[PDB]
Each structure stands twice: as C-alpha cells, then as structure tokens.
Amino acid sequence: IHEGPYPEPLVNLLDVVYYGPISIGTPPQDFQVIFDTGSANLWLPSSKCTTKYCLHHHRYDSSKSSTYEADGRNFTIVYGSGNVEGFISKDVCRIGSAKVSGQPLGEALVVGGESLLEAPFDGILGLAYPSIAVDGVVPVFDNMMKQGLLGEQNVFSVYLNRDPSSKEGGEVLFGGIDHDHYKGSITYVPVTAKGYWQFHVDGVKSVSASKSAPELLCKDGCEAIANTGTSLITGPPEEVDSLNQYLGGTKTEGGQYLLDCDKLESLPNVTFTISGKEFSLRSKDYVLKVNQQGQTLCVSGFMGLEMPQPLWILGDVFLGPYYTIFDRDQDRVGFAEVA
C-alpha cells in the first residue's frame, strides 16, 4: 500500500493483497502483515488504540511482553484515504524461525478510514531501504542483516501464487533464492535509487491484433519500483491513459480503468523491457475480474498514479508471473519466470 495521499480508487483490492504471519514479544503475540517492498516501516495496531480498525484487528500489548522496551517517539504515515499515527516501541520480532531482537515497531494509536478498514491483515512489514523509514524505525530486514540471521546471504525472494483455487498464496524466503520456484535464468537489474526497490526500465509496449500500430511507451526509458504491497501496476497518468485506451478501457474513477467483460478474448500482451529482456504480461495476468456493488467488473491491471517524479509501480500484477529476488548484498533486483 503505497505511502502518500491519492484519489480513492473505484475498486478496493485490500482483499487480494498478499500477507503473512509474524509474532512479536515474549511470549509471542501473533499478527498478519503485508510483506511490503514498497515501504520500510513495521507497524501494528496497539492495544492502546480504540478506533474501529484497531478493535477489529489483533493488537500488540506491550504490558504482556517481557522483552518489550519503551521508546515513545511519535510517528505518522499516510496511505491515500487513510493514515496511521502512533508511537514507537521495541520488542522481539519473530519471522518464521528467525528471532530479531530489539526490533522497532510502530504501535498504531489511530488508523485510517474505510480504505484500510477492510484489511484482512493487521499491519505492514516494510522491506524497502532505510532511507524511507520513519524516524526511529530500523527496518526488519536491516536488523536481520545486522544480527547475522541470514547466514551471509543478504537477499530475500518473493513468489506469489495467483491461483485462487490453491491453498498457498506464495512465500517470502529470507536469506535464500529457491530455484524450485523458477525456471530459466535470473535477470538482474541494478537499484538506481536506494529507497524503494527502484530500477530503470527500457520500454513498455503492446501490439494489438486489431490495431494497425503498436503502443509504444516509456520510449526514452523510465524508472520503476518493485512493490509487493500494491496490487495493480501504476504508472504516469498520461502513459497509462494511453495504454488503457489502446486496450479498450474506460476510465472511472480513481485512476482505474474498466474493460468490457465480453471483449477480453483477444487482448494483447503488455511487455516491459528490463536489462534488455522482455517481460511480457498476458491479459490473463493483467485483467482483474472483481465483484462490486453486486456488479461483475473487469478491471485493468494498469492504473494512473501521479508521483512527485514519474515512476512505474510494478505491483502484484507484474510480480505474479515472476520470481523476484531483492538483493541487499549487491543492491540489485532479480526476475525469473515463475515455476
């Protein structure tokens, strides 16, 4: 869930964000969090919070934890329609069998309205670089590195299962790259700005069967991020307007576009070129069929989002067909075809 204010989108995809278990404190209190490469903060609902969001979620209670350490600096984070405010504490953070001691976390005293209200997760565990963390927070993965919990392979790898008939939603592997989730070879791209997992893209294109010219975007190259906490692909409004027009999409009304559910059958691939290799998304990958106000809507996986500097956010739509390696040893991002 990207930080910053922005328009309310038509469809709320919080239901389809990918999340997983962690525990905090001694003895462990359990939570579910988004593992979010688009942010660097860790936060959970506080037991001191009495907002509607907090009361419907699991809440961290410092007074039951023997490893809790006070801090109390205040923080704020904005997430479009919602914001999170509270204070920092420290405690043991358990991710699978790893034990991160002295991990800072935001105890959220207030959480944002209705946008975040339907979250099936309790909070967010950010996996980006420390430059985008709120003051007083060292990101979890940085602490894993500092404490030597990764056996000197300071990467993590992300596999997303989109098959809504499966049990598995995928995994995050800390300190490993699992070749049993990919085929072929990995294409690495260097990180261009250490904040987000941000890198250069060479071009974006689509070739329709029923159009006489291709759609060529990002023709001089562009910047992108790999963001596990965003469902859709977002890009500069004018480029995405153009792409969705090419595809036969109709805008309304949060930078999202709707496609005619009866005309999906010949939609073309949309191809991102990265480190000179083509990453081609199939319409079966990028069209989201959503039920909303008792309607059946075919939502384009590409939405417009105005950034301070223009940027493509390669969210779960992009990441699904790929196994992705986030490598802090070499400040690079790796992509391979998912197995």
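Residue numbers here begin at 1 and follow the sequence given.
So which stretch wins on mean C-alpha B-factor, 287-295 or 302-310? Between 302-310 and 287-295, it is 287-295 that shows the higher mean C-alpha B-factor.
Stretch with the greater mean C-alpha B-factor as recorded in the entry, comparing 311-319 against 12-20: Comparing 311-319 with 12-20, the higher mean C-alpha B-factor belongs to 12-20.
Could you say which of 79, 75, 188, 141 has its CA atom at the highest B factor, as listed in the PDB entry? In the PDB entry, the greatest C-alpha B-factor among 79, 75, 188, 141 is found at 79.
Take the CA temperature factors straight from the PDB entry and tell me which of 200, 90, 251, 205 peaks. Highest C-alpha B-factor among the listed options: 251.
Test of reading the entry: by CA B factor among the chain's modelled residues, which third contains residue 166? Its C-alpha B-factor belongs to the highest third of this chain's values.
In terms of the CA temperature factor given in the entry, to which third of its chain does residue 242 belong: lowest, middle or highest? For residue 242, the deposited C-alpha B-factor lands in the middle third.
Lowest, middle or highest third: which one holds residue 176 when the chain's residues are ordered by CA B-factor from the entry? Its C-alpha B-factor, which the entry lists for residue 176, ranks in the middle third among residues of this chain.
Can you tell me which third, lowest, middle or highest, the CA B-factor of residue 217 falls into for its chain? Middle third - that is where residue 217 ends up once the chain's C-alpha B-factors are sorted.
Compare the C-alpha B factor of residue 282 with those of the other modelled residues in its chain, then answer lowest, middle or highest third. CA B-factor rank for residue 282: lowest third.
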